[PDB]
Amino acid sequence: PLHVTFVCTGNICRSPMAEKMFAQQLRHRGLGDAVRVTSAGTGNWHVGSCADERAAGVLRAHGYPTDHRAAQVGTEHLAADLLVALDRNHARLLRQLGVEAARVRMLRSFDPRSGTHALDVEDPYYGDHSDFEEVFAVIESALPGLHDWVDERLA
């Protein structure tokens, strides 16, 4: 059972959205039981909390699940086959956490339009609904490449 996890700071906005969106797609693709998808944060001040409301609101609006319980990065996540970081600071930390460079990758690097220098997924925490809608757009735009990665592994 392949294991892919998404990582941001608080695990209440960006990472949780990626997790659910990806999970959903995997389900549509009949790959539900082949891949395990989670998300965790580098910080510990939101641990156990539900996903940010504005985040849930956008997921809901697009028909995605919103059930979520924030977790801090732990042994569980550090053991995933692929750690996907939302921005480059998350990437730096997972790296300092012991994960080898190759198992750590930024979400946008999977965007089919991405260049060599991956882009951060801007944090929408200090904005409103539209900002999360934007983040959804950015994430949706990146996931396809993550699917290519999964397909390859499952083969």
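Start at 1 with the first residue shown and count on from there.
- For the pair 19 to 27 and 127 to 135, the record assigns the higher mean C-alpha temperature factor to 127 to 135.
- Comparing 145 to 153 with 3 to 11, the stretch with the higher mean C-alpha B-factor in the PDB entry is 145 to 153.
- Sort the chain's modelled residues by C-alpha temperature factor and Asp52 lands in the middle third, per the entry.
- In the PDB entry, a CA B factor belonging to the highest third of its chain's modelled residues is recorded for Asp67.
- For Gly115, the recorded CA temperature factor ranks within the highest third of the chain's modelled residues.
- Compared with the other modelled residues of the chain, the Cα B-factor recorded for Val121 ranks in the lowest third.
- Ranked by Cα temperature factor within the chain, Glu100 sits in the lowest third according to the deposited record.
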